[PDB]
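The form deposited in one PDB entry is given below as one chain in structure tokens.
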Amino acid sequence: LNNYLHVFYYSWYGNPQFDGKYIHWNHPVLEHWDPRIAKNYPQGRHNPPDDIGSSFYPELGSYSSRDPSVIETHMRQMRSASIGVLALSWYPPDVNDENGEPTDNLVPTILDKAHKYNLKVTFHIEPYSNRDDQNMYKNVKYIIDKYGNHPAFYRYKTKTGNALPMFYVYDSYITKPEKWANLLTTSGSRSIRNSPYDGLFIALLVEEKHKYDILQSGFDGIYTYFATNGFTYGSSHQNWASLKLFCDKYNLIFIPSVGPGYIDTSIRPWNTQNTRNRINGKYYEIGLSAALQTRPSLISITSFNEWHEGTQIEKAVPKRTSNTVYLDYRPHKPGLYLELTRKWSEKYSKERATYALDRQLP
């Protein structure tokens, strides 16, 4: 069970059975800002269970994240894949993504279940409205005060520092470095550094130039998230070597994000250019291979169950409707991407041993 391997996990799915309504599966088709194109594409909310906001279809179907048996299954599948850490998409309580309802109320159950399959839960901080250095302080405090004592709570166990929480911060670069440095530098007006609420803060890098913004901000590490090689400077794995090298110079944790392919045209029909075909695993493997080159401190996986963007490694089946031929992992099985992960996880987990300065040889 590899604890240096992280996977981005979403809890925002709902169905009538458990939530009393469909959530996220019944996703709207997001309109192009230019309506003179929006009108040449589908419109409105997907009407599940047959029609969902996804180019693939889950084994569990139109499932509820509030369904213990789903959480259980999910944990089990991550375990099969030998992932130790799920990076849970998080919004503050009474707050939600624009296409969902709130999901902090669920976290207690997700931890209990992560614990039950001896898995760990770190937090993937979404860009909630008015996110800044101030409410971030209030939320870190809430998160550790609320979930720190839970034996599922993830802490990067520094070989010989303190065991430190990790916070992945999605679209960090939105908040100016001056503002981050209030919270993330030692002498910042609201610094949690050297405090009971200190952690390892991970910033999304997009453009080459975000490097320097990230240093000025006070962040401990960087992650790329994006599954589409070519989309951003970060998500392009040819760049990854330079980001490792930079991260080494400035004592930053370089966490590359590897994805098994990309397709989001169920909800962003204009977004074809970033579609990547899975090539039955070849994409995913070239991604995980390029990540291992760098000899990274952790590796992140985009994603377990981002179904809208088609980055999910979770078990998916073939399905056909009156009008839709859903994609699927055929020729191979529902578990294909869990096995490709288990494979490369055990390879990473092993290779990572030879890295440490203490474990070198004559």
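Heads up, when I say rigid core I mean the largest set of C-alphas that superpose within 1.5 Å between the two forms. Residues that one form lacks are left out of the comparison. When you see a residue number, it is the position in the sequence shown, counting from 1.
Although not depicted, the form deposited in another entry is the subject of the following passage.
Comparing forms between this form and the one not shown after core superposition, the one residue of 295, 320, 39, 330 displaced by 2 Å or more at CA: Of all the options, the C-alpha that shifts by at least 2 Å belongs to 39.
Could you tell me whether the Cα atom of residue 249 shifts by at least 2 Å between this form and the one not shown after core superposition? It does not, since the residue 249 C-alpha is displaced less than 2 Å between this form and the one not shown after the core fit.
So, superposing on the core, is the move of residue 160 at the CA at least 2 angstroms between this form and the one not shown? Yes; residue 160 is a residue whose C-alpha shifts (by 2 Å or more) between this form and the one not shown when the cores are overlaid.
Sense of CA distance change between residue 33 and residue 174 in the other entry, threshold 3 Å: Farther: residue 33 and residue 174 separate by 3 Å or more in the other entry.
Given a CA distance change of at least 3 Å, are residue 174 and residue 35 closer or farther in the other entry? Residues separate in the other entry, at least 3 Å farther apart.
Which bits shift between this form and the one not shown if the core is lined up, counting only runs of three or more residues where every C-alpha moves 2 Å or more? Runs 31-40, 158-161 stand out as displaced between this form and the one not shown - each at least 3 residues long.
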